[PDB]
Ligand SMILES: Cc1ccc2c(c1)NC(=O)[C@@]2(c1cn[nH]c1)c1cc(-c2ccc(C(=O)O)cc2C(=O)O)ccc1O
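Heads up, the chain below is alone and in the form deposited without this ligand; it's given as structure tokens.
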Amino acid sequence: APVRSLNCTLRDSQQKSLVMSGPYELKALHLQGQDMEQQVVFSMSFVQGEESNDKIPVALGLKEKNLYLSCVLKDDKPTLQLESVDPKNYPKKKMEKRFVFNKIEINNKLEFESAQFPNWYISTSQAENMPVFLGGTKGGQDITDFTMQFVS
């Protein structure tokens, strides 16, 4: 059948929202009120991959954009990028592995592990206005926990 998707927003566990902040870049900042319309709406697709009760493979597309979060080696390091695709072909159930995140539910929060790069996570910094990135530990000063808000 088709691939199933849900519209949503994400907030880090410090309650920073995510906004597109220039060509193919996502930043996290504290937002409330009118400025919250700026937050990124994701289309979260439920994709093919290894699955368990609390570990669900997803792709994170930007709503009504041919842009996906993806994990690739850059200058020899696992990194997070926004990657454009052929809009005729996406989303699909069998997403390429660089687009797949394991959405892990622990203690009423979510982590998004790279399926391609085990133990690398979608991360934010403590400081405001810094990039969303792929971070190689769910332990230390960087934030790897999120909450999801369902959007109409």
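Think of the rigid core as the biggest set of C-alphas that the two forms share within 1.5 Å after superposition. Residue numbers here begin at 1 and follow the sequence given.
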Mean C-alpha B-factor comparison - 118 to 126 and 103 to 111, higher one: 103 to 111
Selected stretch [higher average CA B-factor]: 1 to 9 or 142 to 150: 1 to 9
Which of 39, 45, 66, 53 ranks first by CA B-factor in the deposited coordinates: 53
Per the PDB entry, maximal CA B factor within 83, 86, 35, 96: 35
For residue 21, the third of its chain into which the C-alpha B factor falls: highest
Residue 61 - which third its CA temperature factor falls in, relative to the rest of the chain: lowest
CA B-factor ranking of residue 14, expressed as a third of its chain: middle
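One more form of this protein, solved in complex with this ligand, exists but is not displayed; see below.
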Shown form pocket vs this ligand in the entry with it bound, superposition, backbone/C-beta distance 2.4 Å: blocked
This ligand contact in the entry with it bound: residue 92, any heavy atom under 4.5 Å: yes
This ligand contact at residue 57 in the entry with it bound, heavy atom, 4.5 Å: yes
Residue contact check: residue 30 to this ligand in the entry with it bound, 4.5 Å heavy atom: no
Residue 115 within 4.5 Å of this ligand in the entry with it bound, heavy atoms: yes
Shifted position (C-alpha, 2 Å or more, core held fixed) between this form and the one not shown, chosen from 28, 44, 122, 47: 47
Cα-Cα shift for residue 134 and residue 52, closer or farther in the entry with it bound, minimum 3 Å: farther
Pair residue 121/residue 49, Cα separation in the entry with it bound versus the displayed form, closer or farther by 3 angstroms or more: farther
